[PDB]
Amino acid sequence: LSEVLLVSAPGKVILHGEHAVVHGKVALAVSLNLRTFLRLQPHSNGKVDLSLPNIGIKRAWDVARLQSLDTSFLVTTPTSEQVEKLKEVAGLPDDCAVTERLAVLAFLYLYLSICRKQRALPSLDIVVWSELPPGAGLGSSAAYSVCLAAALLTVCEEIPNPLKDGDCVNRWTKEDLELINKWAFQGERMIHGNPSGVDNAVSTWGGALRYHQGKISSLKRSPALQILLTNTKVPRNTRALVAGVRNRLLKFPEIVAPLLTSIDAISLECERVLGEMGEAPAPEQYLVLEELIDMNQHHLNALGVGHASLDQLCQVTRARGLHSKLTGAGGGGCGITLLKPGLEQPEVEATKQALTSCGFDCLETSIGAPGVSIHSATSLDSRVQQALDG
């Protein structure tokens, strides 16, 4: 019971698979509970305005001015004609920051695509703030595109509001989520040429996703694991990192091929343990988990995609009985560390602090969390809506 909408979706990280999948292997994409939020509210004032505090940008549009356009030019929906016209509607000042130019065109594209079937363009105050470190291959984009999706579907009533009962959170039905997915994926294409769809799927469905040769599959429910996201703030060129492995594979086939196969076996095994774990996470299960992380990390190193920072990330953590492994392109970026139950909270804090006393960013979150959701504008942290208010 509420016209005002509060939706959130998680970003994504690769647990196992990093560079193997590019070669026919199995990757395991999990949701990173470093959630992104969207506050949607219908106004009487004929104006649609977008506020993204995280980036410090705010834009608005005269609903009247938008309704005017014969926005009928709306499968490969991303058209040169479309994107072009959309920029006209946009109003992005000539020389404009790349980041917000994409943030706005994804909004407009979606606003106009869904509010399209609406007898009249609604006037709403949009605000999106995220917990997700921007530009670290964490999927902050699709978390966004997923929220602007779920929210806009709910408003236009193309999809029902699942909160309708009296909880603090709730999720759409299986059918609606698919609609939410197909839509977000669209903005994603509106921005990232030819994305795979792993990021939106993760943000939409949450939990664990399996990625093979072009296809995606959800994993049998397995509880969310507590981790430690670590950013080494060390820049890196994903495209280059992926070429280094392609070249290293051509040069050393009889050597790398098997290596890939061992990574593959790792995802397979992790998948197994996750599943069987779903039930009662027994110590052996975590052991096995830390065990897989070590091997994957070293394998990734053998592929020559590791880095001084990561070796440090892994060393500082290992000295304390915790295991870490880079996630993503490698060569810097972020890493993952697994916290199993039992470990004294402070010692989890100390480890957190050590990583920071390196010039590293280290947030304690969880992996394999819920997925796109909606909340009662009274729950969550206070520093959250404050960032969505102030």
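When you see a residue number, it is the position in the sequence shown, counting from 1.
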query	finding
Absent coordinates between residue 265 and residue 266 - deposited residues affected, binned into four classes	none
Mean C-alpha B-factor comparison - 170-178 and 223-231, higher one	170-178
Of 20-28 and 366-374, the one with larger mean CA B-factor	366-374
Most elevated Cα B-factor in the entry, residues 45, 357, 327, 33	45
Identity of residue with top Cα B-factor, from 314, 112, 282, 270	282
Third of the chain, ranked by Cα B-factor, where residue 298 sits	lowest
Where the record places residue 86 (Cα B-factor, split into thirds across the chain)	highest
Residue 68, C-alpha B-factor rank within chain (lowest, middle or highest third)	highest
Residue 307 - Cα temperature factor, lowest/middle/highest third of chain	lowest
Residue 258 by Cα B-factor - lowest, middle or highest third of the modelled chain	lowest
